[PDB]
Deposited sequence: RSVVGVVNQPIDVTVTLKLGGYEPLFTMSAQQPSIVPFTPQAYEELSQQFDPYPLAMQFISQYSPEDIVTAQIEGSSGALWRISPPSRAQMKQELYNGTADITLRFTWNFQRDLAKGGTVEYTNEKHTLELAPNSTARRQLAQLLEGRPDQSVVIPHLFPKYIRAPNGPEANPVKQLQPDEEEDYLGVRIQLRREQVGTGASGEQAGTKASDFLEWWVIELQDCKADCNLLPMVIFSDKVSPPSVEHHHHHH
């Protein structure tokens, strides 16, 4: 088989039908293949768990990458003034759930082999009305720069990029599913020029050394040569 490494990893964070808060596309050299050191460290992390190790042993270091996703959105927030107001009101006053969606889409090079260029999926959370996170997110719109909100269980760190179009978080490494996804801290950045440019910034809640990066670990099944 042939290594089938993503050449683009694109992720988004979107609240309801509002203009997406955060978009980012990682490409070379932000897509970092595992070294034997990385593979050893991953193996040490999951050593106590035979199920996890059985999954990991199916992959060579070359089959695994860390997408070092920049947490500052790649684009200015596009939202119109009335929709920004509607979003604030819905967050605060809405009586229905509001969906928060984190998407990922991995592009592959078909010239190497394989048949399915993109493989993707998403994780969604329903933010209940009047919930603390929902009110805190709404509060960020007031533009106090020191403020933030943590959304628990939003970022699936370990994802498989198989030959087919559906890229699921790896259950063997995240056996409690959503409960094993990482918390994400969200902030709104503003620069004075509707008299402010706005963009959103996310980081892993427990980030330490490189809070600007959200490292997504992607296991790619090998592919057959082209035909």
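Gaps between the deposited sequence and the modelled structure occur at positions 1-4, 198-210, 245-252.
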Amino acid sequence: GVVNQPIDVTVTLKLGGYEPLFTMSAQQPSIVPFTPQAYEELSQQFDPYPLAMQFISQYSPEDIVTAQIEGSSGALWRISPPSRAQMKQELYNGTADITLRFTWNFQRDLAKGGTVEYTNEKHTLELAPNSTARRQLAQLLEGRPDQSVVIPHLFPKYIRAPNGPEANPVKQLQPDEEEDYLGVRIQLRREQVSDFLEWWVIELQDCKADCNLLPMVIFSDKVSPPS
From here on, numbers count along this sequence of modelled residues.
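Higher average CA B factor: 184-192, of the stretches 184-192 and 36-44. Looking at 9-17 and 199-207 together, the entry lists the larger mean B-factor for 199-207, computed on C-alpha atoms. Residue-level inspection of the entry shows that, of 128, 151, 100, 79, 128 has the top Cα B-factor. Per the PDB entry, 54 shows the highest C-alpha temperature factor of the residues 54, 27, 66, 168. Remark: residue 121 belongs to the lowest third of its chain, ranked by C-alpha B-factor as recorded.
Sorting the modelled residues of the chain by their CA temperature factor places residue 73 in the lowest third.
Residue 135: CA B factor in the highest third of modelled residues in this chain (values from the PDB entry). Residue 157: CA B factor lies in the lowest third for its chain, per the PDB record.
Per-chain ranking of the deposited C-alpha B factor places residue 89 in the highest third.
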